[PDB]
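Q: So here's my_file_24.cif (mmCIF, C-alpha atoms).
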```cif
data_final
#
loop_
_atom_site.label_atom_id
_atom_site.label_comp_id
_atom_site.auth_asym_id
_atom_site.auth_seq_id
_atom_site.Cartn_x
_atom_site.Cartn_y
_atom_site.Cartn_z
CA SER Y 1 -33.89 0.38 -0.88
CA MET Y 2 -30.47 0.63 0.79
CA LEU Y 3 -26.93 1.00 -0.55
CA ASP Y 4 -24.57 0.57 2.40
CA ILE Y 5 -20.86 0.72 1.60
CA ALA Y 6 -19.75 -0.23 5.12
CA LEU Y 7 -16.01 -0.99 5.10
CA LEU Y 8 -13.27 -0.97 7.71
CA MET Y 9 -9.54 -1.23 8.25
CA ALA Y 10 -7.70 -2.07 11.43
CA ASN Y 11 -4.27 -2.54 12.95
CA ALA Y 12 -2.98 -3.91 16.23
CA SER Y 13 0.34 -4.51 17.97
CA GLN Y 14 0.53 -6.08 21.41
CA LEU Y 15 3.97 -6.33 22.99
CA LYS Y 16 4.57 -7.79 26.46
CA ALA Y 17 8.34 -7.75 26.96
CA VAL Y 18 9.56 -9.11 30.30
CA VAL Y 19 13.24 -8.27 29.63
CA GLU Y 20 15.35 -8.81 32.75
CA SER Q 1 -33.69 -4.19 -2.27
CA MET Q 2 -30.24 -3.89 -0.69
CA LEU Q 3 -26.74 -3.47 -2.13
CA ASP Q 4 -24.30 -3.86 0.77
CA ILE Q 5 -20.61 -3.66 -0.13
CA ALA Q 6 -19.40 -4.59 3.36
CA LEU Q 7 -15.65 -5.29 3.24
CA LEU Q 8 -12.85 -5.23 5.79
CA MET Q 9 -9.10 -5.44 6.22
CA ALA Q 10 -7.16 -6.25 9.36
CA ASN Q 11 -3.69 -6.67 10.78
CA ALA Q 12 -2.29 -8.02 14.04
CA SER Q 13 1.08 -8.57 15.69
CA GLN Q 14 1.38 -10.13 19.12
CA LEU Q 15 4.86 -10.33 20.62
CA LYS Q 16 5.58 -11.78 24.07
CA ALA Q 17 9.35 -11.68 24.47
CA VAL Q 18 10.67 -13.02 27.78
CA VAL Q 19 14.32 -12.13 27.02
CA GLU Q 20 16.52 -12.63 30.08
CA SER K 1 -33.38 -8.77 -3.67
CA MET K 2 -29.90 -8.42 -2.18
CA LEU K 3 -26.44 -7.95 -3.70
CA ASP K 4 -23.92 -8.31 -0.87
CA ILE K 5 -20.26 -8.05 -1.86
CA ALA K 6 -18.94 -8.96 1.60
CA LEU K 7 -15.19 -9.61 1.39
CA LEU K 8 -12.33 -9.50 3.86
CA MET K 9 -8.57 -9.66 4.21
CA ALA K 10 -6.54 -10.43 7.29
CA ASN K 11 -3.02 -10.80 8.63
CA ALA K 12 -1.53 -12.12 11.85
CA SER K 13 1.89 -12.62 13.41
CA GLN K 14 2.30 -14.18 16.84
CA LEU K 15 5.82 -14.32 18.25
CA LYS K 16 6.64 -15.75 21.69
CA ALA K 17 10.42 -15.60 22.00
CA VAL K 18 11.85 -16.92 25.27
CA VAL K 19 15.46 -15.98 24.42
CA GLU K 20 17.74 -16.44 27.42
CA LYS E 1 23.56 -14.37 16.98
CA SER E 2 20.02 -15.19 15.86
CA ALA E 3 17.36 -13.64 13.64
CA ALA E 4 13.73 -14.08 12.58
CA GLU E 5 12.52 -11.80 9.79
CA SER E 6 8.91 -12.22 8.67
CA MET E 7 7.03 -10.23 6.05
CA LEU E 8 3.65 -10.68 4.44
CA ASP E 9 1.19 -8.55 2.52
CA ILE E 10 -2.20 -8.60 0.80
CA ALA E 11 -3.39 -6.81 -2.34
CA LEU E 12 -6.90 -6.37 -3.72
CA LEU E 13 -8.39 -4.61 -6.74
CA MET E 14 -12.05 -4.50 -7.75
CA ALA E 15 -14.49 -3.12 -10.30
CA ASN E 16 -17.83 -4.24 -8.85
CA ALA E 17 -20.83 -2.94 -10.81
CA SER E 18 -23.86 -4.20 -8.88
CA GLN E 19 -27.25 -3.09 -10.20
CA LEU E 20 -30.86 -3.76 -9.19
CA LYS E 21 -34.14 -2.98 -10.96
CA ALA E 22 -36.87 -3.98 -8.50
CA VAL E 23 -40.24 -3.15 -10.08
CA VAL E 24 -43.75 -3.92 -8.85
CA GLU E 25 -47.01 -3.09 -10.62
CA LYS C 1 22.62 -10.63 19.79
CA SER C 2 19.10 -11.40 18.58
CA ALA C 3 16.52 -9.81 16.30
CA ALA C 4 12.92 -10.19 15.15
CA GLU C 5 11.81 -7.89 12.33
CA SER C 6 8.23 -8.26 11.12
CA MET C 7 6.44 -6.24 8.46
CA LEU C 8 3.09 -6.64 6.76
CA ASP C 9 0.71 -4.47 4.78
CA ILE C 10 -2.64 -4.47 2.98
CA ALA C 11 -3.72 -2.65 -0.18
CA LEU C 12 -7.18 -2.16 -1.65
CA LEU C 13 -8.58 -0.38 -4.71
CA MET C 14 -12.21 -0.22 -5.81
CA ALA C 15 -14.56 1.20 -8.42
CA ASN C 16 -17.95 0.13 -7.05
CA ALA C 17 -20.88 1.47 -9.08
CA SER C 18 -23.98 0.26 -7.23
CA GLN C 19 -27.32 1.41 -8.63
CA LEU C 20 -30.96 0.79 -7.72
CA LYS C 21 -34.18 1.62 -9.56
CA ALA C 22 -36.99 0.65 -7.18
CA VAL C 23 -40.31 1.54 -8.84
CA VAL C 24 -43.86 0.81 -7.70
CA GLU C 25 -47.06 1.69 -9.55
CA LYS I 1 21.74 -6.88 22.63
CA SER I 2 18.25 -7.59 21.32
CA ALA I 3 15.75 -5.96 18.98
CA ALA I 4 12.17 -6.30 17.74
CA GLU I 5 11.17 -3.98 14.89
CA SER I 6 7.61 -4.29 13.59
CA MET I 7 5.92 -2.24 10.89
CA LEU I 8 2.61 -2.60 9.10
CA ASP I 9 0.32 -0.39 7.06
CA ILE I 10 -2.98 -0.35 5.17
CA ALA I 11 -3.95 1.49 1.99
CA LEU I 12 -7.38 2.03 0.43
CA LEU I 13 -8.67 3.84 -2.66
CA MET I 14 -12.26 4.05 -3.85
CA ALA I 15 -14.53 5.51 -6.52
CA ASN I 16 -17.97 4.48 -5.24
CA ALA I 17 -20.82 5.86 -7.35
CA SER I 18 -23.99 4.69 -5.58
CA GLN I 19 -27.27 5.89 -7.06
CA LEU I 20 -30.94 5.32 -6.25
CA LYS I 21 -34.10 6.20 -8.18
CA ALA I 22 -36.98 5.27 -5.86
CA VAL I 23 -40.25 6.20 -7.61
CA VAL I 24 -43.84 5.53 -6.56
CA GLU I 25 -46.97 6.45 -8.49
CA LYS J 1 -22.88 6.81 -21.67
CA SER J 2 -19.24 5.72 -21.54
CA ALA J 3 -16.66 4.90 -18.88
CA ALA J 4 -12.97 4.08 -18.46
CA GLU J 5 -11.89 3.04 -14.97
CA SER J 6 -8.22 2.17 -14.50
CA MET J 7 -6.44 1.18 -11.30
CA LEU J 8 -2.97 -0.14 -10.61
CA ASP J 9 -0.67 -0.42 -7.62
CA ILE J 10 2.78 -1.61 -6.54
CA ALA J 11 3.90 -3.20 -3.27
CA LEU J 12 7.40 -3.84 -1.94
CA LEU J 13 8.83 -5.33 1.25
CA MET J 14 12.50 -5.82 2.11
CA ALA J 15 14.88 -7.04 4.80
CA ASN J 16 18.26 -6.12 3.29
CA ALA J 17 21.19 -6.84 5.61
CA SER J 18 24.25 -5.61 3.71
CA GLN J 19 27.57 -5.86 5.56
CA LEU J 20 31.18 -5.06 4.68
CA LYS J 21 34.43 -5.87 6.49
CA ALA J 22 37.15 -4.09 4.50
CA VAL J 23 40.49 -4.70 6.26
CA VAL J 24 44.01 -3.77 5.17
CA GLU J 25 47.23 -4.55 7.02
CA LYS X 1 -22.42 11.24 -19.97
CA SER X 2 -18.80 10.11 -19.75
CA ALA X 3 -16.31 9.25 -17.03
CA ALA X 4 -12.64 8.38 -16.51
CA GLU X 5 -11.66 7.31 -12.99
CA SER X 6 -8.01 6.40 -12.43
CA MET X 7 -6.34 5.38 -9.19
CA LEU X 8 -2.90 4.01 -8.41
CA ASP X 9 -0.67 3.70 -5.37
CA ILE X 10 2.72 2.45 -4.20
CA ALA X 11 3.74 0.84 -0.91
CA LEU X 12 7.20 0.16 0.51
CA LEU X 13 8.53 -1.36 3.73
CA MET X 14 12.16 -1.90 4.69
CA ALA X 15 14.46 -3.15 7.43
CA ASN X 16 17.89 -2.28 6.01
CA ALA X 17 20.74 -3.03 8.40
CA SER X 18 23.88 -1.85 6.59
CA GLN X 19 27.14 -2.14 8.52
CA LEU X 20 30.78 -1.39 7.73
CA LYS X 21 33.97 -2.24 9.62
CA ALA X 22 36.77 -0.50 7.70
CA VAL X 23 40.05 -1.16 9.55
CA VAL X 24 43.61 -0.28 8.55
CA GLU X 25 46.77 -1.11 10.48
CA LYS G 1 -22.02 15.70 -18.28
CA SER G 2 -18.43 14.52 -17.96
CA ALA G 3 -16.01 13.61 -15.18
CA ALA G 4 -12.37 12.69 -14.57
CA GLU G 5 -11.50 11.61 -11.03
CA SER G 6 -7.88 10.64 -10.38
CA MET G 7 -6.30 9.59 -7.10
CA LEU G 8 -2.91 8.17 -6.23
CA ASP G 9 -0.77 7.82 -3.14
CA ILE G 10 2.58 6.52 -1.88
CA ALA G 11 3.49 4.90 1.43
CA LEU G 12 6.90 4.16 2.94
CA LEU G 13 8.12 2.62 6.19
CA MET G 14 11.72 2.03 7.24
CA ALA G 15 13.93 0.74 10.03
CA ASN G 16 17.41 1.56 8.70
CA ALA G 17 20.19 0.76 11.17
CA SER G 18 23.39 1.90 9.43
CA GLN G 19 26.59 1.56 11.45
CA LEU G 20 30.26 2.25 10.76
CA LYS G 21 33.40 1.35 12.73
CA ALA G 22 36.26 3.05 10.89
CA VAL G 23 39.49 2.35 12.81
CA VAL G 24 43.08 3.17 11.91
CA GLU G 25 46.18 2.30 13.91
CA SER P 1 33.97 -2.85 -2.33
CA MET P 2 30.42 -1.70 -3.05
CA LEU P 3 26.99 -3.02 -2.06
CA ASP P 4 24.41 -1.04 -4.04
CA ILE P 5 20.79 -2.05 -3.51
CA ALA P 6 19.43 0.28 -6.22
CA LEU P 7 15.78 -0.56 -6.89
CA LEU P 8 12.82 1.34 -8.30
CA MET P 9 9.08 1.24 -8.85
CA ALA P 10 7.03 3.26 -11.29
CA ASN P 11 3.52 3.89 -12.54
CA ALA P 12 2.04 5.78 -15.47
CA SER P 13 -1.37 6.55 -16.94
CA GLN P 14 -1.75 8.58 -20.11
CA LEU P 15 -5.29 9.40 -21.21
CA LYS P 16 -6.10 11.47 -24.30
CA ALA P 17 -9.89 11.49 -24.58
CA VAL P 18 -11.30 13.43 -27.53
CA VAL P 19 -14.95 12.91 -26.51
CA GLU P 20 -17.29 15.01 -28.65
CA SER A 1 33.78 0.79 0.79
CA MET A 2 30.26 1.99 -0.02
CA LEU A 3 26.79 0.71 0.89
CA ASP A 4 24.30 2.73 -1.15
CA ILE A 5 20.64 1.77 -0.72
CA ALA A 6 19.39 4.12 -3.46
CA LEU A 7 15.74 3.33 -4.22
CA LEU A 8 12.85 5.28 -5.71
CA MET A 9 9.13 5.22 -6.35
CA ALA A 10 7.16 7.27 -8.83
CA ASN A 11 3.69 7.96 -10.17
CA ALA A 12 2.32 9.87 -13.14
CA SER A 13 -1.04 10.69 -14.69
CA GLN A 14 -1.32 12.73 -17.87
CA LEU A 15 -4.82 13.59 -19.06
CA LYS A 16 -5.52 15.67 -22.17
CA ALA A 17 -9.30 15.75 -22.54
CA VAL A 18 -10.61 17.72 -25.52
CA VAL A 19 -14.29 17.24 -24.60
CA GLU A 20 -16.55 19.37 -26.80
CA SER M 1 33.48 4.40 3.90
CA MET M 2 29.99 5.65 3.01
CA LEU M 3 26.48 4.42 3.82
CA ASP M 4 24.07 6.48 1.72
CA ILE M 5 20.39 5.58 2.05
CA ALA M 6 19.25 7.94 -0.71
CA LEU M 7 15.61 7.21 -1.57
CA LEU M 8 12.78 9.20 -3.12
CA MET M 9 9.08 9.20 -3.87
CA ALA M 10 7.21 11.28 -6.39
CA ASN M 11 3.78 12.02 -7.82
CA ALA M 12 2.51 13.96 -10.81
CA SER M 13 -0.79 14.83 -12.45
CA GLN M 14 -0.96 16.87 -15.63
CA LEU M 15 -4.41 17.79 -16.91
CA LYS M 16 -5.00 19.89 -20.03
CA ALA M 17 -8.77 20.02 -20.50
CA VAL M 18 -9.97 22.01 -23.51
CA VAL M 19 -13.69 21.58 -22.68
CA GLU M 20 -15.85 23.75 -24.93
#
```
If you convert what's in this file into structure tokens, what do you get?
A:
Amino acid sequence: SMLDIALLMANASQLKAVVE
Amino acid sequence: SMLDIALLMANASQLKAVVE
Amino acid sequence: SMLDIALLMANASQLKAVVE
Amino acid sequence: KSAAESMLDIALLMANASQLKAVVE
Amino acid sequence: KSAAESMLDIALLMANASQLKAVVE
Amino acid sequence: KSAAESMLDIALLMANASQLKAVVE
Amino acid sequence: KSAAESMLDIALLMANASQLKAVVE
Amino acid sequence: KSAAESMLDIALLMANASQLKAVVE
Amino acid sequence: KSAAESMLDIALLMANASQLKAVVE
Amino acid sequence: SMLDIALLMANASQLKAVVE
Amino acid sequence: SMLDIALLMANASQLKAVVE
Amino acid sequence: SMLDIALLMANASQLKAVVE
């Protein structure tokens, strides 16, 4: 007997600007 | 007996700007 | 006996701008 | 000039009603 | 000039009603 | 000039009603 | 028993770029 | 027993870029 | 027993960039 | 000159339960 | 000259339970 | 010249329970 309700959300934002 | 409701969401945004 | 309801969503946005 | 406008979304709606009646004599 | 405008979202709604009746004699 | 404006969100709503009735004689 | 489970959502995404160049000599 | 579970949401994302160049000689 | 569980939310994200260049000679 | 972007969204949920 | 961006959202939930 | 960005959100929940 087991009733897991495991549930996730996630975000991400990488930004590698090499502006001269 | 097991009743998992595993469920995810996800986002992502890579951005490698080499603006001169 | 098992009643998984595994289910996902996902997004993505790569952007490699080399604007001069 | 230039431009690049992206947009994108996801929706989800559910009414799951799982049910289990494991029985052993 | 330049520009790059991105936008993106996720929604989710649920009414899960899991139920278990494990019984052993 | 340049610009890079990103935006992104996630929503979630739930009404889980798990229930278990483990019984052993 | 009884039950009445309702759920409903709205999404919206925009990139409006209005622009006006009113000129009078 | 009885039950009445309601849920409802709204999302919105924008990148408005209004611009005006009123000029009079 | 009875029950009435309501839930509801609103999101909003913006990148407004209004701009005005009123000029009179 | 006018550039309205008027725009709406709306929800509603009436519920008149007379459960005895 | 005018650049309105008027825009709304709205929710509502009436509930008149007369449970006895 | 005018650049209004008027914009609203709103919620509501009436509940008139006459439970006996």
Q: Anything within 9 Å of (-13.1, -5.6, 6.9): list those residues as a PyMOL selection string, counting all atoms listed in the file and sticking to the file's coordinates.
A: (chain Y and resi 6-10) or (chain Q and resi 6-10) or (chain K and resi 6-10)
Q: What are the residues of chain X lining chain M at 12 Å or less? Count only C-alpha atoms, and put the answer as a list in words.
A: residues 6, 7, 8, 9, 10, 11, 12, 14, 15, 16, 17, 18, 19, 20, 21, 22 and 23 of chain X
Q: So how many Å separate CA of residue 1 (chain J) and CA of residue 5 (chain G), to one decimal?
A: 16.3 Å
Q: Between CA of residue 25 (chain X) and CA of residue 25 (chain G), what is the distance, to one decimal in Å?
A: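 Interatomic distance, CA of residue 25 (chain X) to CA of residue 25 (chain G): 4.9 Å.
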Q: Least-squares superpose chain C onto chain J - every C-alpha atom, paired in order - and show me the moved coordinates as a short mmCIF file (atom, residue, chain, number, x, y, z; two decimals) with C-alpha atoms, in the coordinates of the input.
A:
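Saved file selection-v1.cif follows:
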```cif
data_model
loop_
_atom_site.label_atom_id
_atom_site.label_comp_id
_atom_site.auth_asym_id
_atom_site.auth_seq_id
_atom_site.Cartn_x
_atom_site.Cartn_y
_atom_site.Cartn_z
CA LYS C 1 -22.88 6.81 -21.67
CA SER C 2 -19.24 5.73 -21.54
CA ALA C 3 -16.66 4.90 -18.89
CA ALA C 4 -12.98 4.08 -18.46
CA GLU C 5 -11.89 3.04 -14.97
CA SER C 6 -8.22 2.17 -14.50
CA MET C 7 -6.44 1.18 -11.30
CA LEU C 8 -2.97 -0.14 -10.60
CA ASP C 9 -0.66 -0.42 -7.62
CA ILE C 10 2.78 -1.61 -6.54
CA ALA C 11 3.90 -3.20 -3.27
CA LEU C 12 7.40 -3.84 -1.94
CA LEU C 13 8.83 -5.34 1.25
CA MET C 14 12.50 -5.82 2.11
CA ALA C 15 14.88 -7.04 4.80
CA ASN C 16 18.26 -6.12 3.28
CA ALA C 17 21.18 -6.83 5.61
CA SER C 18 24.25 -5.61 3.71
CA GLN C 19 27.57 -5.86 5.56
CA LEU C 20 31.18 -5.06 4.68
CA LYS C 21 34.43 -5.86 6.49
CA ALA C 22 37.16 -4.09 4.50
CA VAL C 23 40.49 -4.69 6.26
CA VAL C 24 44.01 -3.77 5.17
CA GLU C 25 47.23 -4.55 7.02
#
```
